[PDB]
């Protein structure tokens, strides 16, 4: 169907994309390892069309099921990777994932000169993979004995524009309708909530949201051993006047679009004080039921 604005695309990849470099034991390879390089996105089935539009925008990649409930877009065909490079050179990433892209590129050149079929290029590919995503396996590090660094330059870049923010929010954003139960007359207080979730490795980027959007807080949550951040807006006037207009102008993608539109219906109802009426409260309840999980 329709193509995706390239800056929205980059934001969405900052959210959901990942670069891949496979260094696999291969009895039939002159150096004992074969390699595969690429970029991929894995989403719930409900958003297959997103992956289709990306496929249509770049004219690369392969779409396949990924279990019962996910579907993926994988670009590993070597020449097609040039498209990938050309995109992220012209519309660059800004999360720590940019580091991963910079390693992707570095592997590309190694495989472009065909060095990956010789001892030296394979060794270089191990030294690149050591710093990419989750790094080397135990058996792969024990098979290239040398002292290989895993550390890398932290990325520290600013939000480039509202298109990137629409892509990244389409990925990580949350448009909630919180029904605050109260033993009161009307009972439920309606509270529109905006969240963007992201790991602490990108603190400064989340921080910048406060000033980039002119509203919100940054709060930490955790689960036993892990911790992540939320950018949160709950003051209604920030939402109706600063948050909604931004995504009015820079339209979101995936089913999350429908969640934002519904969120906007309830936000208008709230502007008209109609959430203070049983009539209203009820229409809001119905709207919340068929949005997000209820959809």
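Positions refer to the first chain, counted from 1.
- Item | 187 to 195 or 92 to 100, whichever carries the higher mean Cα B-factor | Comparing averages over the C-alpha atoms only gives 187 to 195.
- Task: Quick one: say whether 65 to 73 or 265 to 273 has the higher mean Cα B-factor in the deposited entry.
- Result: Of 265 to 273 and 65 to 73, the stretch with the higher C-alpha B-factor average is 265 to 273.
- Message: Sorting 173, 135, 214, 145 by Cα temperature factor from the record, which one lands on top?
- Response: When the deposited C-alpha B-factors of 173, 135, 214, 145 are compared, 214 is largest.
- Item | From 181, 87, 129, 201, residue of greatest CA B-factor | When the deposited C-alpha B-factors of 181, 87, 129, 201 are compared, 181 is largest.
- Task: Rank-wise, by C-alpha B-factor, drop residue 230 into the lowest, middle or highest third of its chain.
- Result: As the PDB entry reports it, the C-alpha B-factor of residue 230 lands in the middle third of its chain.
- Lowest, middle or highest third of the chain for the C-alpha temperature factor of residue 36? Within its chain, residue 36 is a lowest-third residue by C-alpha B-factor, going by the deposited values.
- Which third of the chain holds residue 44 when residues are ordered by C-alpha B factor: lowest, middle or highest? As the PDB entry reports it, the C-alpha B-factor of residue 44 lands in the lowest third of its chain.
- Query: residue 109's Cα B-factor: lowest, middle or highest third of the chain?
  - Reply: It falls in the middle third of the chain.
- Message: Please place residue 53 in the lowest, middle or highest third of its chain according to the CA B-factor in the PDB entry.
- Response: Within its chain, residue 53 is a middle-third residue by C-alpha B-factor, going by the deposited values.
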